[PDB]
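Single-structure report; data block below.
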2 protein chains.
Amino acid sequence: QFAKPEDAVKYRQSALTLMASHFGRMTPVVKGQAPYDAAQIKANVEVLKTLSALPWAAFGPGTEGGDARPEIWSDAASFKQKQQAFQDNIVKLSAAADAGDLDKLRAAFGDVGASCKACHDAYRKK
Amino acid sequence: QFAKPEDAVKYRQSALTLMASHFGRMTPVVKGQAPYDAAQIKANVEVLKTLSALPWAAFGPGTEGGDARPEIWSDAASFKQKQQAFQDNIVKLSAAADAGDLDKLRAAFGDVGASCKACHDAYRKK
Ligand code: HEC
Ligand code: HEC
């Protein structure tokens with residue numbers, strides 16, 4: 001859907017920005033600094049699930065750019081593995097949110113966070 | 001969810017960028033330059049529906065910035081009316097996509113486009 005590689009870069013950065021907000025906004029709830037409203041968390045995680053599928057299609061062949069390391073393309077099986085793992089952790093977060101349990105949510109939120117750090121260490125320029 | 005107004009601005013611009021891609025990518029299908037796959041369009045419109053709810057929460061009190069005109073805040077009833085109209089047009093697009101009819105899709109896609117132009121003329125800096 002991108003007329004130029006620059007557009008793919010803008011798209012994935014924008015998707016990632018939105019994901020960061022939707023993930024990050026739950027941190028005070030997970031730490032107990034803000035109240036836990038099960039229906040609010042369920043809705044937000046549903047948004048996060050939608051968003052979390054979107055960036056990966058914008059790292060297609062020939063969309064080198066931004067802070068993406070070339071390793072994303074020269075090691076494509078491994079990158080696909082990492083995004084698929086991350087999306088699996090999101091499914092677990094969605095399951096915790098649907099169940100309405102704050103202990104399961106905290107655990108699942110940590111797994112998501114570690115999936116994020118893992119990928120960045122490997123595939124994002126510092 | 002925004003620590004500063006700048007973050008609200010970044011968020012809404014990113015959401016709007018994603019919406020533009022998800023809307024814009026259907027233009028060749030609506031014009032018949034690309035093939036119509038009903039299930040592909042249904043899925044994309046589902047993404048668009050999710051995205052199209054997201055920017056409005058980031059134009060809250062005290063998030064002046066970017067290319068937003070101050071009129072968004074000094075005429076808040078009217079702006080809310082415009083985003084709610086736009087989201088109603090998206091519901092119509094979703095209905096057309098679920099029905100799998102290319103004539104209904106074209107009509108609905110035009111209504112969305114006009115809702116977009118209307119809002120921009122009033123509320124976005126040129
Ligand atoms: C499987 C890979 C991977 C996962 C998982 C991943 N990221 Fe990243 N992220 C990247 C890469 C690669 C970039 C660089 C993209 C670019 O600049 O083109 C990036 C960039 C970003 C950026 C900067 C975008 C910008 O504004 O330019 C943010 C924000 C970010 N990620 C947040 C997150 C958060 C938060 C999560 C999970 C909740 C996450 N990422 C998960 C790979 C990942
Ligand atoms: C109800 C109001 C409204 C509607 C509807 C609306 N927009 Fe806009 N749009 C704005 C405003 C206001 C801005 C400026 C936001 C800012 O810079 O803070 C904007 C900005 C944008 C931007 C620039 C974002 C950037 O990168 O800085 C794009 C892209 C855009 N809109 C696309 C669209 C598309 C495509 C649609 C519908 C499919 C649409 N808009 C619907 C109000 C609207």
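Values below: every heavy atom of this structure, side chains too, minus hydrogens, waters and symmetry copies. Order of listing sets the numbers, starting from 1, for every ligand and every atom in it. Proteins come first, then strands; the chains are lettered A, B, ... in the order of their sequence lines, and each starts at number 1.
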Against heavy atoms of [X], which atoms of ligand 2 measure under 4.0 Å?
X     : result
B/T17 : 26 (O)
B/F59 : 12 (C)
B/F79 : 2 (C)

Has ligand 2 got any nitrogen or oxygen that is less than 3.5 angstrom from a nitrogen or oxygen of B/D67? yes

Check: B/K82 N/O within less than 3.5 Å of ligand 2 N/O: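 No, B/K82 has no N/O under 3.5 Å of an N/O on ligand 2.
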
What class does the angle between the rings of A/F109 and A/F23 fall in, given that below 30° is parallel, 30 to 60° is tilted and above 60° is perpendicular? parallel

On the 0 to 90° scale, with breaks at 30° and 60°, tag the A/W56-A/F86 ring pair as parallel, tilted or perpendicular.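 Taking A/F86 first and then A/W56, their aromatic rings stand perpendicular (interplane angle over 60°).
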
Quick check on contacts: which atoms of ligand 1 are under 4.0 angstrom from a heavy atom of A/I72? 12 (C)

Any nitrogen or oxygen of A/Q83, side chain or backbone, less than 3.5 Å from one on ligand 1?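 No, no N or O pair falls under 3.5 Å.
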
B/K125 contact mode with ligand 2 (heavy-atom cut-off under 4.0 Å): neither

Looking at B/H120, B/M19, B/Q13, the heavy atom closest to atom 40 (N) of ligand 2 belongs to B/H120

Give a yes or no on whether A/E46 atom CD has more than 12 heavy-atom contacts from other residues, nucleotides or ligands under 6.0 Å away.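 Count not over threshold, so no.
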
